[PDB]
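Cβ placement follows ideal geometry from the backbone for every residue including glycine, while neighbour counts extend to all protein chains displayed. Coordinate-derived values only; no laboratory data.
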There are 2 protein chains.
Amino acid sequence: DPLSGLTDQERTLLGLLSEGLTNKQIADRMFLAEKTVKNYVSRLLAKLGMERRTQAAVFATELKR
Amino acid sequence: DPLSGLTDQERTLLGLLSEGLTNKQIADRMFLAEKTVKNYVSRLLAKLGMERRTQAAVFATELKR
DNA sequence: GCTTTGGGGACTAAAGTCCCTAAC
DNA sequence: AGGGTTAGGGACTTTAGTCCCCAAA
């Protein structure tokens, strides 16, 4: 449960990622632009030591359980 | 645990997918080409009623636990 | 005069889709 | 030997991702 380091919405970029959504879908759910999302997510992977959104999801998926 | 329908290696295309690997990484671990894997995976998502490999992975991740 | 917090530019690269061949 | 698996090319269209810099609050 190492969610220490993730901003407000970065922990909520993990739950949307873990529902195998697309940047643009996750975008609408948050009122951003897809470009904005691409950024936040790509930062978040860096913060996580991962290089693919899929790893983030599975990792998130493991926390939720 | 609905792995009924999945061929031999389709159940193993779900364990590799669930490690957030890439078609080409997955393809090395299976001795295929990346093109070959693009196809297998894409079929497998159809068989699963999903349209994005991330979904597959999370779903797979939920079975493993 | 700064921190958050949102997004364009500008691509490089993965992912996916569909349909159609060969090799056992 | 005309058939099912099992593997991949063609040929793109879409999402993802990367970095770095730019304004509003």
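Taking a label point 7 Å out from Cα toward Cβ, give me the nm distances from A:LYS24 to the same spot in the other copies, shortest first, one decimal.
Copy-to-copy label distances at A:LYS24, shortest first: 2.6 nm.
For the protein assembly as shown, max minus min Cα coordinate along each principal axis, in Å, sorted largest first?
Principal extents (Cα only, largest first): 42, 29, 26 Å.
Quick one: Cα centre-to-centre distance for chain B and region A:1-57, in angstrom?
22
Go through region B:37-48 residue by residue and turn each phi into a ³J(HN,Hα) via Karplus (6.51, -1.76, 1.60, θ = phi - 60°); whole Hz please, and just put x for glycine and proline.
For region B:37-48, the Karplus-derived couplings read 6, 3, 5, 2, 4, 4, 4, 4, 6, 4, 3, 9 Hz, x marking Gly and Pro.
Would you list the P(r) distribution for chain B, with all Cα-Cα distances sorted into 10 Å bins from 0 and each bin expressed as a whole %?
In order of increasing distance, the bins hold 23, 61, 16, 0 percent.
Percent relative contact order of chain B, based on C-alpha pairs within less than 8 angstrom and at least six residues apart?
39
With charges only on Cβ, +1 for K and R and -1 for D and E, what is the dipole size of chain B about its Cα centre, in debye, rounded to 20?
Working: 11 positive and 8 negative charges, 28 e Å.
With only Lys, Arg, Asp and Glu charged at Cβ, the dipole is about 140 debye.
Please compute the average number of Cβ atoms from other chains found within 10 Å of each residue's Cβ in peptide B:51-60.
Values: counts 2, 6, 5, 14, 6, 2, 9, 11, 2, 2.
Counting other chains' Cβ atoms within 10 Å and averaging over B:51-60 gives 6.
Towards the positive end of the charge dipole of chain B, with charges on Cβ (+1 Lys, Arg; -1 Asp, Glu), say which of B:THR22, B:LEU44, B:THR61 has the farthest Cα.
Ranked along the dipole, the leading option is B:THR22.
Can you list the distances in nanometres, one decimal and ascending, from the B:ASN39 label point to the identical position in each other copy, with the point 7 Å along Cα to Cβ?
Those label-point separations list as 4.1 nm.
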